[PDB]
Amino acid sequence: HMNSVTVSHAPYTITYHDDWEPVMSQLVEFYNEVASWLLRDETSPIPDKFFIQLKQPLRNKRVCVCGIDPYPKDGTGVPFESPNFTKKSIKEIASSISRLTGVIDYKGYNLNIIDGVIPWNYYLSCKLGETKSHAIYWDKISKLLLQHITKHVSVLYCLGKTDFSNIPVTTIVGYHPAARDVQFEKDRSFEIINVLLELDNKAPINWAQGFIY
């Protein structure tokens, strides 16, 4: 199931699932053009992690949960993943899911271990410490990959109203996870995903699967 393509700059080899095959030669061509600009500075995540989410299948995904880019520091290549459960966003996502499910004891949360969910970063890197600082480099790669994801998923969930302003599927644009005074709005946005899936005759997400105990 796993394929690989050579590129001219680090990480030099991109591995990917069968499902991503239709976009890869355009991706290679796009990445070769812009890589030098991306590798000039220290990035989150590291270059060897940029494309790690391409190993994930798409034909079994119903929901894309999408942020604008990785954490300014300590990105792993897996969107929202925080191994020591310290990043504000994934903590706030975990809180919402706790209130939506009744699960209160947990040590962590990961969106990447939930059946039918692909967590996604629209831009695949940032300059270390600076949010959206690599928007111009990922531009066309970002369109290409997002376009391909929305061919598989039934619901696209974007996080951050001001974050997304950049270029025909069911879509909710919610608040950033770390946004203030919108706890109720945040909680019930997650809840509407499963409603929209049922009305689309798809199976709901078991969001509790995300918890780490």
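The first residue of the shown sequence is 1; numbering continues from there.
Missing residues, deposited sequence, between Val182 and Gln183 (class: none, 1 to 3, 4 to 9, 10 or more):
Gap between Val182 and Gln183: none.
34-42 set against 153-161, stretch whose average Cα temperature factor tops the other in the entry: It is 34-42 that shows the higher mean C-alpha B-factor.
Notebook entry, point to check: If you average the Cα B factors in the entry, which is higher, 171-179 or 59-67?
Noted result: Result: 171-179.
Exercise for the section: Name the residue from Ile93, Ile141, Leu111, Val103 with the greatest C-alpha temperature factor listed in the entry. Expected result: The record points to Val103.
- Based on what the PDB entry reports, which of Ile118, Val78, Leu124, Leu128 has the top C-alpha B-factor? When the deposited C-alpha B-factors of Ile118, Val78, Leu124, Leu128 are compared, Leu128 is largest.
Q | Ranked against its chain, the third holding the CA B-factor of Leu199 | A | Within its chain, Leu199 is a highest-third residue by C-alpha B-factor, going by the deposited values.
- Task: Taking the chain's C-alpha temperature factors as the reference, tell me which third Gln147 falls into: lowest, middle or highest.
- Result: Lowest third - that is where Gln147 ends up once the chain's C-alpha B-factors are sorted.
Practice prompt. Report the third (lowest, middle or highest) to which the CA temperature factor of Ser189 belongs, ranking only the modelled residues of the same chain.
Written response: Ranked within chain, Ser189 CA B lands in the highest tercile.
**Message:** What third of the chain does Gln53 rank in for C-alpha temperature factor, lowest, middle or highest?
**Reply:** Its C-alpha B-factor, which the entry lists for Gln53, ranks in the lowest third among residues of this chain.
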